[PDB]
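Notes follow once the structure below has been shown.
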Amino acid sequence: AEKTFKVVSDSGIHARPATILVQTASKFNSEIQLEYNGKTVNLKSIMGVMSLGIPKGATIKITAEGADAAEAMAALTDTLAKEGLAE
């Protein structure tokens, strides 16, 4: 599964909200990735996520592969909204 988002947070995706995003991903059996500006990282790996330096206004893409991919995508959508990160 895949879904592209627009980052609406002033502080982009960093610090605690990024942490919460990684935690949501980690709940799922699926392998999950986050992409920004042509670089893809494992969304379950916080170092790699923090390394993307995703700023406000960014286009990002989340991909998931696995038995529960659709449920992961929906939970990640929810987290991005609850944390005021993206839509």
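Ordering of the structure tokens sets the chain letters (A, B, ...), residue numbers begin anew at 1 in every chain, and ligands are numbered from 1 in the order given.
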Inset, instruction - Would you list the contacts of residue 41 of chain A as a VMD selection string, taking every protein, DNA or RNA residue within 9 Å and counting only C-alpha atoms, but skipping same-chain residues closer than 5 positions in sequence? - result: chain A and resid 32 to 36 48 to 49 51 to 52
How would the residues just picked look written out with C-alpha atoms as a PDB file, in the first residue's frame?
```
ATOM      1  CA  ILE A  32       6.839   0.243   6.501  1.00  0.00           C
ATOM      2  CA  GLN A  33       8.778   3.032   4.835  1.00  0.00           C
ATOM      3  CA  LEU A  34       8.805   6.828   4.770  1.00  0.00           C
ATOM      4  CA  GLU A  35      10.052   8.755   1.767  1.00  0.00           C
ATOM      5  CA  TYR A  36      10.987  12.402   1.358  1.00  0.00           C
ATOM      6  CA  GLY A  48      16.565   7.236   9.673  1.00  0.00           C
ATOM      7  CA  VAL A  49      13.343   9.206  10.031  1.00  0.00           C
ATOM      8  CA  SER A  51      17.775  11.906   9.180  1.00  0.00           C
ATOM      9  CA  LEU A  52      15.303  12.865   6.478  1.00  0.00           C
TER      10      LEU A  52
END
```
Legend entry - Among listed residues A:39, A:6, A:27, A:14, nearest residue 75 of chain A (using only C-alpha atoms):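 Closest to residue 75 of chain A of all the choices is A:27.
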Inset, instruction - Identify which of the residues A:78, A:31, A:68, A:87 lies closest to residue 4 of chain A, counting only C-alpha atoms when measuring atom-to-atom distances. - result: A:87
Legend entry - atom CA of residue 3 of chain A to atom CA of residue 63 of chain A, straight-line distance in Å: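 For atom CA of residue 63 of chain A relative to atom CA of residue 3 of chain A, the distance reads 6.7 Å.
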Legend entry - Those of segment 21-86 of chain A in DSSP helix (DSSP H, G or I), formatted as a ChimeraX atom specification: /A:21-26,46-51,69-82
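Relative to atom CA of residue 7 of chain A, atom CA of residue 70 of chain A is found at 20.9 Å.
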Give me, as a PDB file with N, CA, C and O atoms, in the first residue's frame, all polymer residues having an atom no more than 9 Å from residue 85 of chain A, counting only C-alpha atoms and skipping those fewer than 5 positions away in the same chain.
```pdb
ATOM      1  N   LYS A   6       1.007  15.750   2.462  1.00  0.00           N
ATOM      2  CA  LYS A   6       1.610  17.060   2.547  1.00  0.00           C
ATOM      3  C   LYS A   6       1.830  17.446   4.010  1.00  0.00           C
ATOM      4  O   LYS A   6       0.932  17.378   4.830  1.00  0.00           O
ATOM      5  N   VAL A   7       3.033  17.869   4.335  1.00  0.00           N
ATOM      6  CA  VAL A   7       3.391  18.164   5.714  1.00  0.00           C
ATOM      7  C   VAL A   7       2.907  19.569   6.088  1.00  0.00           C
ATOM      8  O   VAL A   7       3.284  20.539   5.456  1.00  0.00           O
ATOM      9  N   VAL A   8       2.024  19.652   7.070  1.00  0.00           N
ATOM     10  CA  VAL A   8       1.362  20.917   7.447  1.00  0.00           C
ATOM     11  C   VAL A   8       1.888  21.495   8.768  1.00  0.00           C
ATOM     12  O   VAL A   8       1.562  22.632   9.132  1.00  0.00           O
ATOM     13  N   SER A   9       2.696  20.708   9.471  1.00  0.00           N
ATOM     14  CA  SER A   9       3.319  21.125  10.712  1.00  0.00           C
ATOM     15  C   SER A   9       4.403  22.186  10.480  1.00  0.00           C
ATOM     16  O   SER A   9       5.227  22.031   9.581  1.00  0.00           O
ATOM     17  N   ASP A  10       4.415  23.238  11.290  1.00  0.00           N
ATOM     18  CA  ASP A  10       5.456  24.279  11.187  1.00  0.00           C
ATOM     19  C   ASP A  10       6.836  23.712  11.412  1.00  0.00           C
ATOM     20  O   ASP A  10       7.777  24.160  10.797  1.00  0.00           O
ATOM     21  N   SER A  11       6.951  22.759  12.334  1.00  0.00           N
ATOM     22  CA  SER A  11       8.232  22.166  12.680  1.00  0.00           C
ATOM     23  C   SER A  11       8.571  20.887  11.871  1.00  0.00           C
ATOM     24  O   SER A  11       9.463  20.130  12.243  1.00  0.00           O
ATOM     25  N   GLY A  12       7.865  20.669  10.758  1.00  0.00           N
ATOM     26  CA  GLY A  12       8.031  19.472   9.950  1.00  0.00           C
ATOM     27  C   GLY A  12       7.802  18.190  10.733  1.00  0.00           C
ATOM     28  O   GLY A  12       6.929  18.144  11.594  1.00  0.00           O
ATOM     29  N   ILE A  13       8.566  17.142  10.427  1.00  0.00           N
ATOM     30  CA  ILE A  13       8.450  15.891  11.161  1.00  0.00           C
ATOM     31  C   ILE A  13       9.751  15.620  11.913  1.00  0.00           C
ATOM     32  O   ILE A  13      10.726  15.159  11.345  1.00  0.00           O
ATOM     33  N   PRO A  17       6.597  14.341  17.911  1.00  0.00           N
ATOM     34  CA  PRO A  17       5.649  13.881  16.891  1.00  0.00           C
ATOM     35  C   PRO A  17       6.212  12.830  15.913  1.00  0.00           C
ATOM     36  O   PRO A  17       5.489  11.911  15.549  1.00  0.00           O
ATOM     37  N   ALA A  18       7.478  12.946  15.524  1.00  0.00           N
ATOM     38  CA  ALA A  18       8.134  11.924  14.694  1.00  0.00           C
ATOM     39  C   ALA A  18       8.262  10.617  15.440  1.00  0.00           C
ATOM     40  O   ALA A  18       8.046   9.553  14.874  1.00  0.00           O
ATOM     41  N   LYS A  56       8.328  21.652   7.037  1.00  0.00           N
ATOM     42  CA  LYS A  56       6.996  22.143   6.676  1.00  0.00           C
ATOM     43  C   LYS A  56       6.886  22.245   5.183  1.00  0.00           C
ATOM     44  O   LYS A  56       7.852  22.640   4.526  1.00  0.00           O
ATOM     45  N   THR A  79      -2.402   9.083  12.934  1.00  0.00           N
ATOM     46  CA  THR A  79      -1.327   9.688  13.730  1.00  0.00           C
ATOM     47  C   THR A  79      -0.852  10.980  13.117  1.00  0.00           C
ATOM     48  O   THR A  79      -0.669  11.957  13.831  1.00  0.00           O
ATOM     49  N   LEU A  80      -0.675  11.005  11.797  1.00  0.00           N
ATOM     50  CA  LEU A  80      -0.239  12.237  11.116  1.00  0.00           C
ATOM     51  C   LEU A  80      -1.232  13.371  11.333  1.00  0.00           C
ATOM     52  O   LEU A  80      -0.851  14.523  11.443  1.00  0.00           O
TER      53      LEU A  80
END
```
Legend entry - Between atom CA of residue 60 of chain A and atom CA of residue 38 of chain A, distance in Å (one decimal): 9.3 Å
Inset, instruction - Rank nothing, just name the residue among A:72, A:67, A:86, A:15 nearest to residue 46 of chain A, using only C-alpha atoms. - result: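 Ranked by minimum distance to residue 46 of chain A, first place goes to A:15.
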Inset, instruction - May I have the residues within 8 Å of residue 73 of chain A as an NGL selection string, using only C-alpha atoms and disregarding those fewer than 4 positions away in the same chain? - result: :A and (1-3 or 62-64 or 69 or 77)
Legend entry - From A:50, A:59, A:71, A:82, residue lying nearest residue 25 of chain A [only C-alpha atoms]: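 Looking at the shortest contact to residue 25 of chain A, the residue is A:71.
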